[PDB]
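This is what each chain is made of:
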Amino acid sequence: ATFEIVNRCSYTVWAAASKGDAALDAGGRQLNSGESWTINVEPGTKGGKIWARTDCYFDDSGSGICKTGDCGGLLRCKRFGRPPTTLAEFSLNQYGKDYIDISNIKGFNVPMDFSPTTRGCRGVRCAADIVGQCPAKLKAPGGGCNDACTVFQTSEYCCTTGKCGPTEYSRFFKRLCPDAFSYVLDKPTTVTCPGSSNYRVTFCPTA
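Conventions used here
Residues numbered from 1 in each chain as written, not as in the entry; some residues may be left out. Heavy atoms only, no water. UniProt positions renumbered as here; feature names shortened; annotations may be inferred. Disulfide = S-S within 2.5 Å. Helix = DSSP H or I, 4+ residues; strand = E, 2+ residues; numbered from the N terminus. Buried < 20%, exposed > 50% of the residue type's maximum accessible area, 1.4 Å probe, protein only. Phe/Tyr/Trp six-rings, centres within 6.5 Å; stacked < 30°, edge-to-face > 60°. Pairing = 2+ DSSP bridges. Arc of directions from axis to C-beta.

The name that the PDB entry assigns to the chain is Thaumatin-1, with the source organism given as Thaumatococcus daniellii. For this structure, the PDB header gives the title as "Thaumatin by LB nanotemplate method before high X-Ray dose on ESRF ID29 beamline". Quoted verbatim from the Subcellular location field of the UniProt record, the comment on the chain reads "Cytoplasmic vesicle". Regarding the chain, the relevant UniProt record gives this comment under Sequence similarities: "Belongs to the thaumatin family."

Rendered as structure tokens:
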């Protein structure tokens, strides 16, 4: 499957793509404002994620640091990124269908649209100014808006027992972005697409 990753932000981002225990395609690349990077994701990829990283520095070997979404200091991500990270999430070719969503469960750094480029389903979007409106206690000094689990490490926010409810913090993310997961047991906003669809992830879709 092809994923065109497009940076419409006025600032550089470093795109990342991983399934947690491996890179997807090259795993990461710099995207200046306006740049597009097309990756190939193997059919059947389960639990894949694409995200943006901000304010990165990498040496000539591709080692360094990002202020949001850092993946063990690598340009080419092999693992998931450090919150806060707005997440485009996907599982492909799962019994004949693809499943896509956006999640704020690991916080928010960059607005995103995640849409099919092929027929048969709708896209999802979280493009509100979550960083600007972020509750004081969730603001990440490094940049972005942390989820409450990251900040407070409680069973309730992290849904450790599988018994959690919505919270004042989750409701903030849900209010700003109804179409993204705000906590682990949120009413799903997952979209079912035809198996083997192709996609575009656009950072800063509205600005």
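### Thoughts on the UniProt feature "disulfide bond" in the chain
In textbook terms, a disulfide joins two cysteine sulfur atoms at less than 2.5 Å, and UniProt's bridge between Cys121 and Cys193 fits this description with an S to S distance of 2.0 Å. Linking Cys121 in the loop between β9 (112-116) and β10 (124-126) with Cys193 in strand β12 (residues 191-194), this pair joins segments that are 72 residues apart in sequence. Looking at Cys193, the relative accessible area reads 1%, which means it is buried. Of the disulfides listed in UniProt, the one joining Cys134 and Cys145 is reproduced in the coordinates: its sulfurs are separated by 2.0 Å, less than 2.5 Å. Linking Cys134 in the loop between α1 (130-133) and α2 (148-152) with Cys145 in the loop between α1 and α2, this pair joins segments that are 11 residues apart in sequence. Across the pair, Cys145 and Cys134 agree in class, each one buried.

### As for the packing of aromatic side chains
On inspection of all chains with the given rule, the structure shows 10 aromatic pairs. Aromatic side chains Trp51 and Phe80 sit 6.3 Å apart centroid to centroid with 70° between the ring planes, which places their arrangement in the edge-to-face category. With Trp51 in strand β5 (residues 48-58) and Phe80 in the loop between β6 (64-68) and β7 (87-94), the pair connects residues that are 29 residues apart, well separated along the chain. For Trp51, a relative accessible area of 0% corresponds to the buried category. Residue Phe80 is classed as partly exposed on the basis of its relative accessible area, which comes to 34%.

### Overview of the state of the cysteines
The tally for this structure, following the rule as stated, stands at eight disulfides. Between the sulfur atoms of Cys71 and its disulfide partner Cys77 the distance amounts to 2.0 Å. Between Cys71 and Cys77 the sulfur-sulfur dihedral comes to about -85°; the bridge is accordingly left-handed. Owing to a relative accessible area of 0%, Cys77 belongs among the buried residues under this scheme. Two residues, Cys121 and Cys193, share a disulfide whose sulfurs are 2.0 Å apart. Where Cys121 bonds to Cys193 through sulfur, the torsion about that S-S bond is close to 95°, and the disulfide is right-handed.

### With respect to the pairing of β7
Counting buried positions over the eight residues of β7 gives seven, a clear majority of the element. Here β5 pairs with β7 via three bridges, running antiparallel. Among the inter-strand pairings, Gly48 is bridged to a residue of β7, identified as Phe90. Examined bridge by bridge, β7 and strand β8 (residues 97-103) share six bridges and lie antiparallel to one another. Along β8, the bridge assignment pairs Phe90 with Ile100. Here β7 hands over to β8 after two residues, with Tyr95 in that stretch at a positive phi of 50°.

### Notes on helix α4 (residues 168-176)
Listing the buried residues of α4 in full gives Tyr169, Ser170, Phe172, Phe173 and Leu176. Down the axis of α4, the smallest arc covering the buried residues is 150°, so these residues share one side. Turned more than 90 degrees away from the buried face of α4 sit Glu168 and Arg175, all of them exposed.

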